[PDB]
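Participant: Fold the following, please.
(11 chains)
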Amino acid sequence: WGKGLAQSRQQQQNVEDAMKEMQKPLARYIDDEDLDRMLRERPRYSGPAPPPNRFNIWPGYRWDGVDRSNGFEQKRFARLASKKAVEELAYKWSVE
Amino acid sequence: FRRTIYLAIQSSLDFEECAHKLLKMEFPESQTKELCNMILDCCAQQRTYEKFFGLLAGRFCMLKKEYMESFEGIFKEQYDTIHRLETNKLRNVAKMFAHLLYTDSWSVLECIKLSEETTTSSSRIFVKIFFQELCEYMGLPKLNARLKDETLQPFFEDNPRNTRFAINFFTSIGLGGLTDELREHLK
Amino acid sequence: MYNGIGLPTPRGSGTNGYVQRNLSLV
Amino acid sequence: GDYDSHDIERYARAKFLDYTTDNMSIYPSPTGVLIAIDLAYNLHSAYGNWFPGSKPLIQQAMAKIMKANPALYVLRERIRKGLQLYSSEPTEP
Amino acid sequence: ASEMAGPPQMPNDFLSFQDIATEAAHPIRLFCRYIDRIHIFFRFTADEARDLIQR
Amino acid sequence: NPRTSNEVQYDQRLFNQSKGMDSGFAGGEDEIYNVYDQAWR
Amino acid sequence: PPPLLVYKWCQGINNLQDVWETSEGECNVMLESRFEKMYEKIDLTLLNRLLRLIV
Amino acid sequence: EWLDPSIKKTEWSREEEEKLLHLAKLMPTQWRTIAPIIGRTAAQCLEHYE
Amino acid sequence: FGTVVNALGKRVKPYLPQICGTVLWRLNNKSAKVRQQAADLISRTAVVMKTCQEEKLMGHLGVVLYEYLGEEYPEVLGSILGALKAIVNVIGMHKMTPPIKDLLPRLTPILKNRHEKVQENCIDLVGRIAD
Amino acid sequence: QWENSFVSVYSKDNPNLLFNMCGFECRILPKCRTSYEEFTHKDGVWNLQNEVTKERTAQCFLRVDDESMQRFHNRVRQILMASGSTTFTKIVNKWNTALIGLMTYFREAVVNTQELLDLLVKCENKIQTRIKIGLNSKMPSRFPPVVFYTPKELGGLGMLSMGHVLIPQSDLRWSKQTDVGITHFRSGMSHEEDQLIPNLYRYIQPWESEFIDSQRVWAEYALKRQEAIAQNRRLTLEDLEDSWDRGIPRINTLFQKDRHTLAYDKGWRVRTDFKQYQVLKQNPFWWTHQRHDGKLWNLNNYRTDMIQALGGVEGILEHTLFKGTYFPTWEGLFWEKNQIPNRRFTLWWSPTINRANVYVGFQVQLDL
Amino acid sequence: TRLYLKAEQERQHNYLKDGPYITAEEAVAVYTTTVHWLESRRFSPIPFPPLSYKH
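Facilitator: Numbering: from 1, shown residues only, chains lettered A, B, ... in the order given. Shown next is the structure:
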């Protein structure tokens, strides 16, 4: 329990992936997993919306439903986005 | 061959010139499937709908009887990728077949079906557009004709449920003025 | 046969004046 | 070299046939070899007579020199400077 | 002009009128001014045209 | 007490990407280049 | 943008009421012109009173 | 504007005040047109008007 | 780095070609960032590249650095001149691989250069050779 | 003045309705008149669709007005004349700027004007001929198109080229009257091999299509706002990734960081029109501004397709000294980030500039 | 440039000598018409920017 019950399951999924390898040595396209794959395109919290989390995790069942934060996510979230603009307007410079 | 097609098409203004450039080269005919497959993919893959790449596919049909066939085939080839293609390029297609079908390069449609049974939400949008374009040309009256003589079934039936899905779905599209007779049939 | 087509003379034209016929016409 | 003829080999065999068949060029023995190196394209070839062991030795020697000789490195560097080309990645691939 | 700009409470867009009868109400139909340039589009019944010609 | 607002409005990841104002691109000088938005390789 | 204006102008024409009908002898007139000298002929004294109506 | 000796630096007589007021009521806000007519500097006749 | 090498003394000798290979390849890279830095690296590694008696390396640094004196970026050029300086304090006058007849008049026009570091190192080197 | 004005009249005697707005010469032919055979055509033909009946009731033909062509031509002539000193890479920038200035603006109307196509061809040939003059040669074998059309990343001039296209020619006698169509083509410019060159016009989206796209994108966008309202969940990036670059306002321009400030800017478009009087230089882009309208074209493809048409990196580089530099690869080529740069440009193409095969020449050995 | 500025100086001097060309009654007609327009359009005047203006 200590580590991260959430983390462990994700690790588990990789184990399933190994199973895919044994039958699917080098899969391309129409082979069946891809088929259904592109053929669709335990309380969980209900109310409102949960602000975006870098890691995109829905809040728990009974969560208070209120944002309590330092706002470092957004600003950290916003700032990282700003840099992307910066790399481009950095470039625009280069041709001159 | 695939690369030469692209270069000839990207080079030429007008749609007329690319065919002249292409025919002129006298590349081998049987490939006259894949070539056209090239044109349908090359622009549709291209970012936004442009009038040019759709015209070219059609002329290439009137010049030789096969080219027409080559296209209708390629329209079939869509069924497999009706779900699969991402939800932009449907915006290029729906119209893009709209412009072959308004100008007569209709009944080839019939192959297409309306069911919750099997229709891709992809395919849903695909066909959705296709009508919201072709309508905008024929203007929903000439379309009344073309349908009324069409005998399109998998689209237009049994299956009173599928008549709710049909007619409703053309209230959703919004045209729903060619869904009348079917409404009566419900009753 | 220069059938009223092409430049009078490819002098200032930026081209080689070459006129081949439209291979795809009809 | 240049764009039109960068081909080293035809050049080598040509100059060999010519200098050997000319009366102006002075060689002590008809048996020999001519090695042509094109600086512009950094190419090397040879045409001429052979004797046992000479071919591998010359192949290895040329392949080494083209990587090695300081003079060629001075040429190459001067080209880089005049062109002001400078590589992006250290250590090279 | 007031007909074109329409009522200030519900102004119109570039080209359109409050009603059809406002379109048929007058010979001047479309009026577009780009800086100092004038683009005008007229609709005439035969009588109105004849009157103009006669003047 | 939830923190509520009318409607929803928009997220954040994008809501602040491209520069601001900046204005077009010089009076329209020849010297500028700038035709391409991203580098070649 | 200006070309979009051209488009608004064309479809603006084509959306007019019975615009192309020649049955009764209707006549359409497109007119394009300039004000010739406009800037140069503005009168400052007048322009002052005209601006006093605005700001 | 100022240092030029042809410029007139002194009090305004009664005639110059009559002329300045009349003209300023004739062509509002135009100082570079009026200034040569009265024979004074535009800034000067401005200051005198205010 | 400098302290590490000067502390290792001549135990470092087998490692030079790797060093200076990195020094030249980095001595290109992308200009304004790393040129000045690789240059300074040479400057502080001069004595070690001397006492171990690798002369080819002094040829390298001598004419290679000699070539950059046309660099338009001042913050680089300064570091270059500094490196030259440090190379002068190890190998002597008459043994300079870029003989002073070459070097000094090539330095002379640079004195217009405005921005600081250039003027500093430049005047310094003109001082060492002039003295 | 009647002299400067123009009048057109539509009546039972006159089918066609002509006019001129902005730079565009427009014709309008109804289908209610004699349209005879109904037909489509290149995007130079607009379909005027009744808003009420969703029917195509007429057709508008576009043609690039005379005075416009005249202005462009004086702009090229400005590039040639005003530069005797300036570098060759600089001129190519001037050309590219003017040329996209024409093409982004007119687009569709360009293809229906033969006079333009001619003018562009001869003008490309004049600037390239001038760059030729710049070195001393006119010899074609010394200037294959790979040098002009290489994106300067690989060391070319990066010239945008619309003029290698074929120019339609049919029946002057009849073409002055009845609009016969195309029975012939004239070669615009030379190609060393069969080869190819890509055209700008193919990579720009036509005005008609971008208009329809604009309407659809906005309507759908309002839908994305409404669904977000009913869901109470705000919208992310992905649901907008579809339309991100599309629409005449260029929807992404809503999300500009400085957007506030720009909301309080008005009349920008007219101030741009009157900048020509305040500022000496001549703005081709006067009509739009990227900050209000976004960037209305993306030419990124044109570069890739350009390199492909020349034979790939190995194709273009095969004209250069690159194999001389003994660089392992070109993946790391990085350039120097009235003097040398000109002089350098010659070395880089020196294998192509100087050729063992030329028309006329006296082969000379350099001194030592 | 020199010619244009000459004929310019001419036109200014002739505008002062010959007086305003707009006559008088015409100018009153303009001012009055504009007044009526702005009246029916409920246009409020644009005031002077205050010291404290958040924009």
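
Participant: can I assume residue I:78 is in contact with residue I:37?
Facilitator: No. Between residue I:78 and residue I:37 there is no contact under C-beta atoms under 8 Å: 11.9 Å. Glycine gets a C-beta too; all of them are placed from N, C-alpha and C.

Participant: more neighbours, the two?
Facilitator: A direct count of neighbours by other C-beta atoms under 10 Å in any protein chain shown for residue I:78 and residue I:37 places residue I:78 higher, at 23 against 13.

Participant: which one is the more buried one nearest to, not counting chain neighbours?
Facilitator: Using C-beta to C-beta, 6 or more residues apart in numbering or on different chains and skipping the chain neighbours, the partner closest in space to residue I:78 is residue I:117 (3.1 Å).

Participant: can you check residue B:164 too?
Facilitator: Spatially, and ignoring its direct neighbours in sequence, residue B:164 is nearest to residue B:186 (7.4 Å; C-beta to C-beta, 6+ apart).

Participant: Show me where chain K has its helices.
Facilitator: Assigned by DSSP state H, chain K shows helices spanning K:2-18, K:25-40.

Participant: Put together a markdown table for those helices, with mean neighbour count and distance to chain A on each row.
Facilitator: Converted to a markdown table, the helices of chain K look like this (neighbours: other C-beta atoms under 10 Å in any protein chain shown; distance: least, C-beta to the nearest C-beta, whole Å):
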| stretch | mean neighbour count | distance to chain A |
| --- | --- | --- |
| helix K:2-18 | 10 | 37 |
| helix K:25-40 | 12 | 45 |
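
Participant: out of these, nearest to residue B:139?
Facilitator: Of all the helices of chain K, it is helix K:25-40 that lies closest to residue B:139, at 39.9 Å by C-beta to C-beta.

Participant: residues of the helix or strand harbouring residue J:229 that come out buried?
Facilitator: Using DSSP states H and E, residue J:229 falls within helix J:207-231. Neighbour counts over helix J:207-231 (16 or more other C-beta atoms under 10 Å in any protein chain shown) mark J:207-211, J:213-214, J:216-218, J:221, J:224, J:228 as buried.

Participant: for stretch I:42-62, same thing?
Facilitator: Using 16+ other C-beta under 10 Å as the test for burial, stretch I:42-62 gives I:42-46, I:48-50, I:54, I:57-58, I:60-62.

Participant: Go through the residues you listed and say which is closest to residue C:20.
Facilitator: residue I:60 (60.8 Å).

Participant: Surely residue B:155 touches residue B:107?
Facilitator: No. In this structure residue B:155 lies outside contact range of residue B:107 using C-beta under 8 Å: 11.1 Å.

Participant: In chain D, what residue lies closest to chain G?
Facilitator: The minimum distance from chain D to chain G, using C-beta to the nearest C-beta, falls at residue D:88 (40.7 Å).

Participant: show me what contacts that residue?
Facilitator: With contacts defined as C-beta atoms under 8 Å, 6 or more residues apart in numbering or on different chains, residue D:88 is in contact with I:29, I:30, J:331, J:332, J:333, J:334.

Participant: which one is the first one nearest to, not counting chain neighbours?
Facilitator: Pointing back at residue I:29 there. Using C-beta to C-beta, 6+ apart and skipping residues adjacent in sequence, the residue nearest residue I:29 is residue D:90, 6.7 Å away.

Participant: thinking again about what came up before, and the contacts of residue D:88 as TSV, adding secondary structure and neighbour count?
Facilitator: Shown next, in TSV, are the contacts of residue D:88 (DSSP: H, G, I helix; E, B strand; the rest coil; neighbours: other C-beta atoms under 10 Å in any protein chain shown):
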residue	secondary structure	neighbour count
I:29	coil	18
I:30	coil	12
J:331	coil	12
J:332	coil	18
J:333	strand	20
J:334	strand	16
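
Participant: now, which of those residues sits nearest chain D?
Facilitator: residue J:332 (3.7 Å).

Participant: Now do that closest one against residue G:16, distance only.
Facilitator: Distance from residue J:332 to residue G:16, counting by C-beta to C-beta, to the nearest Å: 63 Å.

Participant: ok, now residue G:2?
Facilitator: For residue G:2, the distance to residue G:16 equals 22 Å [C-beta to C-beta].

Participant: picking that back up, any chance of the helices of chain K in TSV with distance to chain D as columns?
Facilitator: Formatted as TSV, those follow (distance: least, C-beta to the nearest C-beta, whole Å):
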stretch	distance to chain D
helix K:2-18	48
helix K:25-40	66
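
Participant: Figure out which of those is closest to chain H.
Facilitator: Closest to chain H of the helices of chain K is helix K:2-18 (C-beta to the nearest C-beta; 7.7 Å).

Participant: Now for residue F:20, which secondary structure element holds it?
Facilitator: Going by DSSP H and E, residue F:20 is not in any helix or strand.

Participant: For the residue of chain J found nearest chain C, give me its contacts.
Facilitator: Using C-beta to the nearest C-beta, the single residue of chain J nearest to chain C is residue J:125, 3.2 Å away. Going by C-beta under 8 Å, 6+ apart, residue J:125 touches C:14, C:15, J:163, J:189.

Participant: That'll do, ta.
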